[PDB]
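Below are the chains, spelled out letter by letter.
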Amino acid sequence: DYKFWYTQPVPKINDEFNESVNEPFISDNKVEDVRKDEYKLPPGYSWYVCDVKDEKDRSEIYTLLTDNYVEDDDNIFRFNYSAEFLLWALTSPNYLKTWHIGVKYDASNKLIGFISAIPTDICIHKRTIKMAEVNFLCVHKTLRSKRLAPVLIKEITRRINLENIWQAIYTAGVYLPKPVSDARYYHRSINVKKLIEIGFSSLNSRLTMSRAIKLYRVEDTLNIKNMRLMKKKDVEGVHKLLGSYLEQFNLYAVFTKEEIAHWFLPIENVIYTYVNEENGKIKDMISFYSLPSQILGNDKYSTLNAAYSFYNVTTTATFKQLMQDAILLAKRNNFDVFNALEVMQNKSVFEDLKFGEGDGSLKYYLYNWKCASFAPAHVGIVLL
Ligand SMILES: CCCCCCCCCCCCCC(=O)CSCCNC(=O)CCNC(=O)[C@H](O)C(C)(C)COP(=O)(O)OP(=O)(O)OC[C@H]1O[C@@H](n2cnc3c(N)ncnc32)[C@H](O)[C@@H]1OP(=O)(O)O
Ligand SMILES: Cc1nn(C)c(C)c1Cc1nnc(-c2sc3ccccc3c2OC2CCNCC2)o1
Ligand SMILES: [Cl-]
Ligand SMILES: [Cl-]
Ligand SMILES: [Mg+2]
């Protein structure tokens, strides 16, 4: 019935728009009309302004997400973003502290809910719009289905609107009104035996353990011999190679140089970017971020280390060669599995590179924006 979502400026479940329609649901908004009062929480709970740059506040958010964030369909794996990853995700250029919103239960002083946004320029069907990117919405498991999430969403919308920003982008595995695109995820096994033992992957009578390990074996040599970790000096060249590439898609972020530096310079166990430089020119890039899963109820293993394909561009090799090197560089950095979405050119390499189709998909949404939906090959943004 979507009783909350139907009160919001998003498409109805049946809405379908021509390619010519590309505009807000509600235009001519006025900063001066936005509510100044915080939305009301139930008795005994209060808003909390989180300082993600303080280790202790950042620790509280980490604990909340570690225990209560997203689980796979079978409740065996739960995302386990690290504290340094949350730091990086939330302190991008021109971030606002007041868009990092916690909810505490007054009597324990414990964080029980969270929601965040960062500002990003988003190009949708060739119109660039100042938006908020929303992520890390989470309500403690003990307080589910109490209608707290619409409170968090309405409060962040109010604070975003105070900055004269009236559109947002977000992704969810759940179906809401109404996806602008829908991308399945695929997984390429790296540590086969481990993935079998935790029930991420399976065997069978044809594929014995030894034959499954042989199947996923990779040669420890790069297609692009000079691919190396990105350094500060490469920010200009990355901004030109990526910025040009992305303009073909129907939905992408428009990065400034300061955004390239933030989103790509390598941070161990967070973000890995590699470049191929020729003549002082960046001609190819690979990137992926680290998003481990906590494994629930396995006696031997508690963590699955997973590399998540972010942005990959090649001008000197085939896309298949580039993605093969991405898998190898993930392997060299101790990752058990390489995960990709069917966005950009990704799907075209999944069969040859031995990726397996996963169990669900990620829906891309816009808030207060009406437009034609599109196949995921035309999606040119990867969220965290
Ligand atoms: C202009 C600026 C605009 C800014 C804002 C833009 C929009 C931002 C929107 C947020 C984008 C976040 C993106 C993001 O973070 C990445 S998707 C990750 C979401 N987090 C998790 O799945 C963590 C585990 N789950 C939870 O913590 C709770 O289940 C949550 C908190 C998800 C819902 O808590 P609950 O205790 O289970 O539920 P109630 O409080 O009773 O609330 C039920 C209402 O919530 C609607 N709902 C449920 N899940 C949602 C989801 N993932 N997006 C949006 N809405 C969601 C649901 O359809 C229902 O509305 P309806 O009756 O109409 O159906
Ligand atoms: C696998 C998996 N493990 N777990 C713990 C979950 C809930 C899933 C399902 C899932 N839900 N979102 C995604 C994926 S796969 C992928 C590959 C490359 C880039 C992004 C993603 C992605 O979503 C990202 C970005 C949106 N938030 C979650 C991670 O995967
Ligand atoms: Cl209201
Ligand atoms: Cl482990
Ligand atoms: Mg609730």
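Each chain carries its own residue count, beginning from 1 and running in the order its sequence is written; this scheme need not agree with the entry numbering, and residues with no coordinates do not appear. Lettering of chains starts at A and numbering of ligands starts at 1, both following the order in which they are written. Each side-chain value is derived from all of the structure's non-hydrogen atoms; neither hydrogens nor water enter the calculation.

Looking at the method and resolution fields of the entry, one finds X-ray crystallography and 1.72 Å.

**Quick look at the overall build of the protein chain**
Selection rule: Secondary structure elements follow DSSP: runs of H or I no shorter than four residues count as helices, runs of E no shorter than two count as strands, and numbering proceeds from the N terminus. Atoms counted for the radius of gyration: C-alpha only. Globule rule: 2.2 Å times residue count to the power 0.38. Here's how the labels work: a residue is buried when its accessible area is under 20% of the maximum for its type, exposed when over 50%, partly exposed in between, all with a 1.4 Å probe on protein chains only.
Assigned secondary structure in the protein chain consists of 9 helices and 19 strands. A compact globule built from 384 residues would reach a C-alpha radius of gyration of about 21 Å, and the protein chain, at 21 Å, matches this within 12%. Expressed along its principal axes, the backbone C-alpha trace of the protein chain runs to roughly 60 × 50 × 45 Å. In the protein chain, which comprises 384 residues, the share counted as buried stands at 53%.

**With respect to the packing of helix 1 (residues 55-68) against helix 2 (residues 83-90)**
Quick reminder of the rule: Every axis corresponds to a line fitted to the C-alpha atoms, with the helix fit spanning only the stretch in contact, and the corresponding angles, defined between N-to-C directions, vary from 0 to 180 degrees. Between 65 and 115 degrees an angle is taken as roughly perpendicular, under 35 as roughly parallel, over 145 as roughly antiparallel, and anywhere else as oblique. For this analysis, residues touch if any pair of their heavy atoms sits within 4.5 Å. Under the scheme applied here, ten amino acids are nonpolar (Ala, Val, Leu, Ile, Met, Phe, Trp, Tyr, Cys and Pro), four are charged (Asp, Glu, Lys and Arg), and all others, including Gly, are polar.
Two elements in contact, helix 1 and helix 2, have axes separated by 9 Å at closest approach and are oriented at 110 degrees. Classified by the angle their axes make, helix 1 and helix 2 are roughly perpendicular. Two secondary-structure elements touch here, helix 1 through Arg58, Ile61, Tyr62 and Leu65 and helix 2 through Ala83, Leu86 and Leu87. Here the contact of helix 1 with helix 2 is composed, by residue class, of 6 nonpolar, no polar and 1 charged.

**Points about the packing of aromatic side chains**
The condition is simple: Note on aromatic pairs: the rings of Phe, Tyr and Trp (six-membered ring only in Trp) are paired at centre separations within 6.5 Å, and the planes decide the class, stacked below 30 degrees, edge-to-face beyond 60, tilted for the rest.
Applying the stated criterion across every chain, the model contains 34 aromatic pairs. For the ring pair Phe17 and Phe25, a centre distance of 5.9 Å and an interplane angle of 70 degrees mean the geometry is edge-to-face. Judged by relative accessible area, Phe25 falls into the partly exposed class, the value being 25%. Ring centres of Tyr170 and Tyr365 lie 5.2 Å apart, and the angle between their planes is 20 degrees; on these two criteria the pair is classed as stacked.

**Let's talk about the layout of surface pockets**
Defined as follows: Here a cavity is any set of points on a 1 Å grid over the protein atoms alone where a 1.4 Å probe fits but cannot get out, and a pocket is any open set with protein on both sides within 12 Å along at least 5 of 7 lines; a residue lines the site when it has an atom within 4 Å of a point. Grid points are joined across faces, edges and corners, and a volume is the space filled by probe spheres set on the points.
Looking at the second largest pocket, its volume works out to about 340 Å³. Among the elements that line the lining of the second largest pocket, the one with the most residues is helix 3 (residues 148-162), at 4 residues. When the residues that make up the lining of the second largest pocket are grouped by side-chain class, the tally is 6 nonpolar, 6 polar and 3 charged.

**Examining the site of ligand 1**
Definition in use: Here, proximity means that at least one heavy atom of the residue falls within 4 Å of the molecule or strand. Throughout this description, a polar contact denotes any pair of N or O atoms lying within 3.5 Å of each other; where both atoms belong to protein, one of them has to be capable of donating a hydrogen while the other can accept it, and for residues adjacent in sequence the pair is counted only when both atoms sit in side chains. What sets the accessible areas is the Shrake-Rupley method with a 1.4 Å probe; for residues, cover comes only from the shown protein chains.
In the vicinity of ligand 1 there are 33 residues, among which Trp5, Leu137, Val139, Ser145 and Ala149 approach most closely. Within the backbone of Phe4, an N or O atom sits 3.0 Å from an oxygen atom of ligand 1. One of the backbone N or O atoms of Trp5 is found 2.8 Å from an oxygen atom in ligand 1. With the chains in place, 88% of the 1200 Å² that ligand 1 exposes on its own is no longer accessible. Those elements that place two or more of their residues in the shell around ligand 1 are strand 6 (127-139), helix 3 and strand 7 (168-172). Looking at which element gives the most residues to the shell around ligand 1, the answer is helix 3, with 7 residues. Residue classes in the shell around ligand 1 are distributed as 22 nonpolar, 7 polar and 4 charged.

**Focus: the UniProt feature "binding site: Mg(2+) 2" (unreviewed entry) in the protein chain**
In plain terms, the rule: UniProt positions are given in the numbering used here, feature names are shortened, and annotations may be inferred rather than shown by experiment.
With numbering matched to this structure, UniProt assigns "binding site: Mg(2+) 2" (unreviewed entry) to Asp299. Inspection of the secondary structure assignment puts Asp299 in the loop between strand 13 (293-295) and strand 14 (303-304).

**Re helix 3**
Test applied: One less than the residue count of a helix, multiplied by 1.5 Å, gives the span that helix is expected to have.
With 15 residues, helix 3 should cover 21 Å at 1.5 Å per step; its first-to-last C-alpha distance of 22 Å lies within 8% of that length. Extensive coverage of helix 3 is indicated by the burial of 12 of its 15 residues. Residues of helix 3 that are buried include every one of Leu148, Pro150, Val151, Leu152, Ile153, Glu155, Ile156, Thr157, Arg158, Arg159, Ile160 and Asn161, and no others. The inward-facing, buried residues of helix 3 abut strand 2 (45-49), strand 4 (100-105), strand 5 (110-124), strand 6 and strand 18 (356-367).

**What about the sheet that holds strand 13?**
Pairing between sheet strands relies on hydrogen bonds along the backbone, with the strands arranged either parallel or antiparallel. So the rule is basically this: Whether two strands pair comes down to DSSP finding at least two bridges between them.
Ordered by their spatial adjacency, 3 strands build an open sheet running 3-13-14, and the pairing between neighbours is antiparallel. Taken across any chain shown, the strands that pair with only one partner, and hence form the sheet edges, are strand 3 (77-79) and strand 14. Pairing of strand 3 with strand 13, which is carried by 3 bridges, proceeds in the antiparallel orientation. Among the inter-strand pairings, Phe79 is bridged to a residue of strand 13, identified as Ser293. The strands touched by helix 1 are strand 3 and strand 13; relative to strand 3, the strand with the most contacts, the crossing angle is about 155 degrees.

**Structural notes on the site of ligand 2**
Surveying the vicinity of ligand 2 reveals 22 residues, the closest of which are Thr171, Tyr185, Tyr289, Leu383 and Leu384. Note that a nitrogen atom of ligand 2 is positioned 2.9 Å from one of the backbone N or O atoms of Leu384. When ligand 2 sits alone it has 630 Å² of accessible area, and the protein chains cover 92% of it. Among the secondary structure elements, those contributing two or more residues to the shell around ligand 2 are strand 3, strand 8 (181-189), strand 15 (306-309) and strand 17 (337-341). When grouped by side-chain class, the residues that make up the shell around ligand 2 number 14 nonpolar, 5 polar and 3 charged.

**Section: the side chain of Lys363**
Test applied: Just so you know, the count uses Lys and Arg for positive and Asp and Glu for negative, and it drops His and the chain ends. Any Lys or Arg side-chain nitrogen located within 4 Å of an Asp or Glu carboxyl oxygen qualifies as a salt bridge.
Within the secondary structure layout, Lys363 lies in strand 18. There is no salt bridge for the buried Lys363, and the closest opposite charge comes from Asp182, which lies 4.3 Å off by N-O distance. In terms of polar contacts, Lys363 uses its side chain to reach the backbone carbonyl oxygen of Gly173, at 2.8 Å. In terms of polar contacts, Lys363 uses its side chain to reach the side chain of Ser361, at 3.0 Å. Apart from the residues within four sequence positions on either side, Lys363 is in contact with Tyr170, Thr171, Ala172, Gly173, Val174, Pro179, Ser181 and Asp182.

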